[PDB]
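Shown next, in structure tokens, is the structure this report addresses.
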Amino acid sequence: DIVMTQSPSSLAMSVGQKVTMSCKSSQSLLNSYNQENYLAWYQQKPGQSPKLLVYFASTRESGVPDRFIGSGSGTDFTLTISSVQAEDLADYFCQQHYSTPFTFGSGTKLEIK
Amino acid sequence: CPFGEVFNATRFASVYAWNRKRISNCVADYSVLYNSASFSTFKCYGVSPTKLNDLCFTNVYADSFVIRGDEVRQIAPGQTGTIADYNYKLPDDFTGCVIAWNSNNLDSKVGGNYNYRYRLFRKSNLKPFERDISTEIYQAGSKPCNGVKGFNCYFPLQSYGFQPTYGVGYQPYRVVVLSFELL
Amino acid sequence: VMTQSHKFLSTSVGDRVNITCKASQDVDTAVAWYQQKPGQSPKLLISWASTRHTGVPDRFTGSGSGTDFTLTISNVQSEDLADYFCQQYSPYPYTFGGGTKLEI
Amino acid sequence: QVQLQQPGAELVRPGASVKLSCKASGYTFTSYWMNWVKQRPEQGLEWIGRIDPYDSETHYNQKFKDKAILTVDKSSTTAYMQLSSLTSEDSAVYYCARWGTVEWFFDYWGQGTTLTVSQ
Amino acid sequence: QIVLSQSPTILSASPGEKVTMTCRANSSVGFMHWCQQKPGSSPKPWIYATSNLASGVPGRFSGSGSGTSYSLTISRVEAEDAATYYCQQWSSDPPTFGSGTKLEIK
Amino acid sequence: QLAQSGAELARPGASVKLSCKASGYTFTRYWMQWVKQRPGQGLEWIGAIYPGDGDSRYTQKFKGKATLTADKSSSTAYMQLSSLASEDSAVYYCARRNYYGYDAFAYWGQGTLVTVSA
Amino acid sequence: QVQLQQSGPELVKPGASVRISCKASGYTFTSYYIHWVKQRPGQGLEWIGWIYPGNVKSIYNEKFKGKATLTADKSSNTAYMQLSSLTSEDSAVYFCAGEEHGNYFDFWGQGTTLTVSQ
Ligand SMILES: *[C@@H]1O[C@H](CO)[C@@H](O[C@@H]2O[C@H](CO)[C@@H](O)[C@H](O)[C@H]2NC(C)=O)[C@H](O)[C@H]1NC(C)=O
Ligand SMILES: *[C@@H]1O[C@H](CO)[C@@H](O)[C@H](O)[C@H]1NC(C)=O
């Protein structure tokens, strides 16, 4: 099993700046065959179901906006929002994508200053 | 230890001309499987996948190919689709491991790859493991089209295109089908 | 359409020998070889051009891939005097090769 | 249109079992896997198990054996989850989430089931 | 945007010696094929993915590497092989060659 | 695991019907094949039959002469030639592949001497 | 032998639209990716773009987008690099390149050195 620690546990940033979160693991999450490292991210508005933001390493999904850009390969990862807006009032989960069990991370609450 | 020239081969074959390899006269380690966990789909039918070290098989096969993303789940006993019915059809008494993983760094091109075809049209369904390589023209209409390739006359091997920027579904997945049997 | 080099072949007991088959198209390691005694049917000898079928000793180290193929019986004894064939599995029809005979 | 409906809430006595459910609509049911994720407050999320609707090959987490039994139902295109012998530390939210053909990141989820264990 | 770096561009080597050359990468990549371009003529396909030798070379050429570091190792240098050696790269992106490898003898 | 064949003698103007018996496995799942052998000239492929429904394949040289029928119950395979000529005086074989589908020929049968000269 | 042949070396005026022919020979022309490259004298080999003959789709490098358009005749086994707006810096030999196997060229052509005039 892999332990996933997130170093900023609560975020407070005003509208219009670059927020940068983090997520870690224990094993190098990059399989040797295709060299395309595994992780996920999530966004859960309060009173609302969590929805996906960023699959494998840095690939945004279709319906999500262009502000969410992921990063990170191996052990240390950073999910970067470029310009934070008024609808980014949620928490942002890390997620283990490589092996079994699937061992989600903690939650980072983001509130607009 | 010959499970090192099928998994990380260089160029997997197309779906309609699917590759093969016969492993015999050596015992296998089965440590590349179920211990690296680099494989997404690992639907091992028949034998349970963990107790293969204390078993010894002869004349096993390693037929492998590369298909689109949203049709990995047709390589399975009894499922019907467009590549489990016209390209490579698994039998109902299959006993092995159906391995599959994403390989998008290695089997896609900016502007369509086009070298991984798939048989779109055929006269009838396939048998278990029956491969087809003939490129005779289909003449879907009642008029006999003798290789004109016009109205109701299609080239039957339509081509995939894997671009690197699609979604999950449209992406190359190098499936390998270990096909163990008794004796 | 397969083809052979020698229709007949003369090699002694203590000497090695190689039998070749050139192919018309490129067929990806999908040929066989056979051994036909003049009385009975040809038995399967080397399958998939590198692997060895059961009942055959470690003499027949068959190799070759791509277009050209090679079957190497190393130290031929007195009972390996027969006919040697070739095949191809992928393109219909399953065209064979010419019959070569190993003699002394 | 990828829909995952769920019941609103459930209330049970300590010492019972539940039959938690979620309904899938929008896609063909027998292609994608299913997954259940436990949301307890102040501990984040935890994976539970998975089911495959074609051939019911069910994995589980190590901590959640012999408490959570997973069950699929191809009739009426619904998924199911039977938790048994609930304790005090079961007041949580258990989603339903589908993916599993090609990868193991979950795109479409259910809205959430609230669980309560009291008198 | 996958830029590469064949750091030993000008390689000076007496014949019959073991010298090597490396090709640094950038973002993650798969395999790196190689081709040899003789000065003033058409190039030739030299190596496959990492160590399949494309059925036309002497057996002294054998290259290694995985991930984002790849190199080619020559066991013995010859006076025949005063030729450049390029490097493609297996990627979903468009291919891009290296910087050049002048194998010169001093 | 082994095949069983027969023996025949026919007229130069009549028609012949061969035979091949299969035993030791399930007959309705592998492709029984037929090859021919004149004195010399190598071997040539005739066709293949699938005993599940009779999905026959052929070669254009023997299309119109070779009729590949089978029976799932008796576990025997047949072929029938018609309008015999002088080139058909040969010995025929029946064979099976090793595994399903796409492999080498392993299980052969004995020879069927057929002379159609006079 | 399976080979690629091109046209001869040219020496034309600047600015004119220039054709460079490339003849397929031996391989099945409607299956191989037809790449094109550029070799400045003294500099490393660069890339231009490719053209599939099956269904003629072209993808260019971003530094050479209006400077070339690529055409290939399907039933004549030819390839064409229609250069446009020739300038004096474009004094470089432009090979053909045919491939199937990912980014690995099986073949090359006899290089057409196209040098500017003044
Ligand atoms: C190619 O696959 C083989 C196994 O089929 C790999 O061999 C093992 O791979 C794991 C993961 O890289 C290593 O931890 C082991 O040390 C390897 N064992 C051996 C015998 O080398 C091999 O590394 C793979 N090659 C690639 C492309 O990574
Ligand atoms: C290295 O690759 C990354 C990802 O493609 C790219 O963003 C970066 O600009 C590359 N380096 C250069 C200078 O091309």
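Distance between the modelled labels on D:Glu57 and A:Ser26, one decimal in nanometres: 2.6 nm (7 Å Cα→Cβ projection). Under the convention that each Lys and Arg Cβ holds +1 and each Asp and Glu Cβ holds -1, the size of the dipole of the protein assembly as shown around its Cα centre is about 1240 debye. Each residue of region B:51-61 was assigned a 3J(HN,Hα) from its phi angle through the Karplus expression (A = 6.51, B = -1.76, C = 1.60, θ = phi - 60°), giving 9, 9, 6, 7, 10, 10, 10, 10, 5, 8, 10 Hz with x at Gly and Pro.
For chain G, the Stokes-Einstein estimate of translational diffusion at 20 °C and a viscosity of 1.002 mPa s comes to 149 µm²/s, using the Kirkwood hydrodynamic radius over alpha-carbon pairs. Rounded to the nearest 20 debye, the dipole size of region G:3-116 about its Cα centre is 280 debye, using +1 on the Cβ of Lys and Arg and -1 on the Cβ of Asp and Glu. If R0 is taken as 60 Å, the Cβ-Cβ distance between E:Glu78 and B:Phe42 corresponds to a FRET efficiency of 0.80. What the Cβ-Cβ distance of G:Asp106 and A:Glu61 gives, at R0 = 30 Å and to the nearest 0.05, is a FRET efficiency of 0.20. Along region F:56-72 the Karplus relation, 6.51 cos²θ - 1.76 cosθ + 1.60 evaluated at θ = phi - 60°, assigns HN-Hα couplings of 7, 10, 8, 10, 5, 5, 9, 6, x, 10, 8, 10, 9, 10, 8, 8, 6 Hz to successive residues, with x for each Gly and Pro.
Largest first, the three principal axis extents of the alpha carbons in region E:5-105 are 37, 24, 23 Å in whole numbers. Selection among A:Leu52, A:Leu79, F:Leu18 by position relative to the dipole of the protein assembly as shown gives F:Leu18 as farthest towards the positive end (Cβ unit charges, Cα centre). Orientation-averaged projection of region D:3-117 equals 7.0 nm² [convex hull of Cα atoms, one quarter of hull surface area]. For region A:74-113, a Kirkwood hydrodynamic radius built from all Cα pairs, placed in the Stokes-Einstein relation at 10 °C and 1.306 mPa s, yields a translational diffusion coefficient of 130 µm²/s. Taking every residue in D:58-64 and counting other chain Cβ atoms within 10 Å of its Cβ, the average works out to 2.
Partners of B:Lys43 within straight-line reach, counting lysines whose Cα lies under 17 Å from its Cα and excluding those fewer than 8 residues away in the same chain: B:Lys51, B:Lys89. Report note on the peptides F:96-104, A:39-47: ranked by the mean count of other C-beta atoms within 10 Å, highest first, their order is F:96-104, A:39-47.
In a fully extended conformation the segment linking D:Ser88 and D:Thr114 would gain 8.0 nm over its present Cα-Cα distance, using 0.36 nm per residue. The packing ranking, built from the mean of other Cβ atoms within 10 Å per residue, places the peptides G:97-108, C:16-27 in the order G:97-108, C:16-27, highest first. If you plug the beta carbon distance of B:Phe151 and G:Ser75 into 1/(1 + (r/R0)^6) with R0 = 30 Å, you get a FRET efficiency near 0.95. Listing C:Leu102, E:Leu72 from fewest to most neighbouring C-beta atoms within 10 Å gives C:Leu102, E:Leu72. Arranged from fewest to most other beta-carbon atoms within 10 Å of their beta carbon, A:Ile69, A:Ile81, E:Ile10, G:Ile34 become E:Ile10, A:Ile69, A:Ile81, G:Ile34.
In terms of surrounding Cβ atoms within a 10 Å radius of their Cβ, A:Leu79, A:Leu89, D:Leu86, B:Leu182 rank from fewest to most as B:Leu182, A:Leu89, D:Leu86, A:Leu79. With a Cα cut-off of under 17 Å and a minimum spacing of 8 residues unless on different chains, the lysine pairs in region F:1-69 number 6. Normalised by residue number, the volume inside the convex hull of the Cα atoms of region B:48-112 is 134 Å³ per residue. In terms of its Cα atoms, chain C spans 37, 26, 25 Å along the principal axes, sorted from long to short. Computed about the Cα centre, the dipole magnitude for chain B is approximately 600 debye when only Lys and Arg (+1) and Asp and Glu (-1) carry charge, each at its Cβ.
The amide H of E:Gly63, built 1.01 Å from its N in the peptide plane, has E:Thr73 as neighbours under 5 Å, considering only residues 5 or more places off or on other chains. Seen from all directions on average, chain A presents a Cα convex hull projection of 7.0 nm².
Can you spot the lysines whose alpha carbon is less than 17 Å from D:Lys23's alpha carbon? Ignore those fewer than 8 places along the same chain. Excluding near neighbours in sequence, the set is D:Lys74. Computed over chain B, the convex hull of the alpha-carbon atoms projects to a mean area of 11.8 nm². Taken residue by residue and averaged, Cβ atoms of other chains lying within 10 Å of the Cβ of E:38-49 number 4.
Note on A:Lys109: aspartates and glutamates with a C-alpha under 14 Å away, same-chain residues under 8 apart excluded, are A:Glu87, A:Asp88, A:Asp91, D:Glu42. Remark: mean inter-chain Cβ contacts per residue of D:38-50 equal 4, using a 10 Å Cβ-Cβ cutoff to other protein chain atoms.
Reducing region F:44-96 and region G:1-66 to their Cα centroids gives an inter-centroid distance of 51 Å. With 21 Å as the limit on Cα-Cα distance, the pairs of C:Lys37/C:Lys101; A:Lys51/D:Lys38; E:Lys18/G:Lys38; A:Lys113/D:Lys38; E:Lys44/G:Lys23 that go past it are E:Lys18/G:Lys38; A:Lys113/D:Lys38. Think of it this way: in chain B, B:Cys1, B:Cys26, B:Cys56 stand alone, with no other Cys Cβ under 4.7 Å. With a simple spin-label model that places each label point 7 Å from the Cα along the Cα-to-Cβ direction, the separation between F:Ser73 and C:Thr72 comes to 5.5 nm. Compare the Cα positions of B:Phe3, G:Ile34, B:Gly161 along the charge dipole of the protein assembly as shown (+1 at Cβ of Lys, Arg; -1 at Cβ of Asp, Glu; about the Cα centre) and return the one farthest towards the positive end. The residue sitting farthest along the positive end of the dipole is G:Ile34. PRE reach from G:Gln43 (point 7 Å along Cα→Cβ): which of region G:57-87 fall under 14 Å by backbone N? Counting backbone N atoms under 14 Å from the label point, the list is G:63-64, G:87. Simple rule: put +1 on each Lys or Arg Cβ and -1 on each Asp or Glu Cβ in the protein assembly as shown, find the dipole, and look at C:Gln87, B:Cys145, C:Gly39; the Cα lying farthest toward the positive end is B:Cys145. Across region F:2-114, what fraction of all alpha-carbon pairs, as a whole percent, falls in each successive 10 Å bin from zero upward? In whole percents, the pair-distance histogram is 14, 50, 31, 5. Compactness of the protein assembly as shown was expressed as the Cα radius of gyration divided by 2.2 N^0.38 Å, which yields 1.11. When peptides F:109-118, B:8-17 are ranked by their average number of other Cβ atoms within 10 Å per residue, the highest-first order is B:8-17, F:109-118.
We place every Cβ from the backbone using ideal geometry, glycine too, and count neighbours over all the protein chains shown. Here, each number is a calculation from the coordinates, and none is a lab measurement.
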